[PDB]
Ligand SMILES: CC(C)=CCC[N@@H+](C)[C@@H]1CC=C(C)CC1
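Next up is one chain by itself, shown in structure tokens, the form deposited without this ligand.
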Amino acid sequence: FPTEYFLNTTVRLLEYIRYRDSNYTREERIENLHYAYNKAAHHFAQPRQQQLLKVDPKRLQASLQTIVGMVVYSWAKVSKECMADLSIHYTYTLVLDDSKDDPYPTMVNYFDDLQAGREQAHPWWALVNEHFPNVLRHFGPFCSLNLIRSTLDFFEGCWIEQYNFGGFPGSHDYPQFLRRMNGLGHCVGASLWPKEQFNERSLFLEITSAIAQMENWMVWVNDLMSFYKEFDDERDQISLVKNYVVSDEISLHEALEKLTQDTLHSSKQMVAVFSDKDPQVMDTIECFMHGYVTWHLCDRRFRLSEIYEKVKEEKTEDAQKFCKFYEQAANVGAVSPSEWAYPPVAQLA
């Protein structure tokens, strides 16, 4: 694992986005983490949700905790209710990402049932659409449209992913098409602007620009941070990086390099465009980038904890700034689940 560059890329990333301390205290996090987890936990524990959502309890439990953490840490400026409803929604998506059930049969009459107002045949659709208003009530019409499309796109993305296809060699457009497809980019980018805080019309241009730019920043940062939990214990898996290799016929290094260039360029442009815009907008954007990063560093799912010791006692200009940031993370990001994730969904169910 080329930690040398993995650590260089990472440093520049936090430097570009202006990584630093927030007035978001550890106590405030625990307060939010628990509120979001608690509402979401009661939701998934209901009989109907338990029945239609075929998920291994331990998996549902772990997915819910990872998501609540992602939301509470990145959507730092929205209400607790908004954090909770968004946690339920993104937990549905992470659960669909892991499903192995063929969609085809249940999508045969999708449109006619949609148009007729009949419950969808695919159970995931039946639950998500029934719950969707709980999320949409926090946004104006434009932002709501963006969340709906993004989730529909994401559904197709998971469909395509079940084929574990990295694309034909020479199909240069496939990698990013698939990533964008299941990256929930416009869902994340639009869910950052609750109508109780932002006026969708007054800031139409700002929000639309955020969605456009945040879509790529978010997916790319997630790919870079996930390069470890993936390059290590893979599984014939496909990924943006593993697809660049197969489709653009390049080396794993050339690929990971291409990603690094985009993530940095994307970070650079985020700052340039929004630094002089509405302070509230910039603030939400900055809080998301930093929180999203804190989330990757802290959450076990990405095992960035292992990438610690191997460099905690070194003397580099990168591997040394790595811990500085890493520790700032833990200083407020390292929180024991026992402090918020309880009781277990299974117990409530």
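Residue numbers here begin at 1 and follow the sequence given. Residues that one form lacks are left out of the comparison. Between two forms, the rigid core is the largest collection of C-alphas that superpose within 1.5 Å.
What comes next is about the form deposited with this ligand bound, which does not appear here.
Shown here without its partner, the chain carries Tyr90, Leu184 and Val219, all of which come within 4.5 Å of this ligand in the deposited bound form through at least one heavy atom. For this ligand in the deposited bound form, the listed stretch (63-71, 31-39, 50-58, 310-318) containing residues with heavy atoms inside 4.5 Å is 63-71. Contact with this ligand in the deposited bound form, defined as a heavy atom within 4.5 Å, holds for exactly one of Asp97, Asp102, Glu156, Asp278, namely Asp97. For the options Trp125, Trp75, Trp193, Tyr244, the one in contact with this ligand in the deposited bound form, meaning a heavy atom within 4.5 Å, is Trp75. The shortest heavy atom separation between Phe288 and this ligand in the deposited bound form is within 4.5 Å. At a distance threshold of 4.5 angstroms between non-hydrogen atoms, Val188 is in contact with this ligand in the deposited bound form. With the core held fixed by superposition, the comparison between the shown form and the other one singles out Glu234 as the only member of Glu234, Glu130, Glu196, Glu254 whose CA moves by at least 2 angstroms. The Cα-Cα distance between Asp236 and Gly157 is shortened by 3 Å or more in the deposited bound form relative to the form shown here. Distance between the C-alpha atoms of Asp236 and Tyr90: shorter in the deposited bound form than here (change of 3 Å or more).
Listed in sequence order, the runs of 3 or more residues present in both forms whose C-alphas shift by at least 2 angstroms between the shown form and the other one, with the core superposed, are 1-21, 230-236, 306-328.
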